[PDB]
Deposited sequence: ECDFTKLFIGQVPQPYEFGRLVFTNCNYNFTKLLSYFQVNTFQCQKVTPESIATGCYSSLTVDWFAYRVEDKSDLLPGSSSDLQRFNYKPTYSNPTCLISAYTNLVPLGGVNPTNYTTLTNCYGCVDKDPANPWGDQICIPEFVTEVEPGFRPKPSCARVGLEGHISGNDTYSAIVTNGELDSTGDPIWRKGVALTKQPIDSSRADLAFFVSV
């Protein structure tokens, strides 16, 4: 089922809740590593060339702003023809913003790079951050920046604004999809 339709990006990773040999008949795995080993699978598109960012303990944007595993990793490629990604979009940054003029919760924002919005392990990026990724994947700017809000309110009932940076990379092999699968018991 996770190979049917399109493939979500790291900032919007999908979650769904067996025969491993059969799984390997769908995709070709390049890296198979396990930590400390009903089942839950978190999955998203991600390049093989930068596969190092999928490995735990690494310092990278993926595990900081898009998806951080909570503690097997299967890094594999396949032709879904589902469909294959045109490109790969990853949040390189995301941080909180506040309104310049307190009289207008929807007005011009001042963003603070230091208010780093961490993905938090096992959690999707906050919707303001995910929205930036969603827009960046379609905008076509190679790196897309935006200040957005997405239905999340603060303690008073005003919109929560965040600024994010979504960087889009082109694949070398455009005939295949590169996917990262995180499988836990």
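Unmodelled regions of the deposited chain, listed from N- to C-terminal end, are 1 to 5, 23 to 27, 48 to 58, 93 to 96, 107 to 109.
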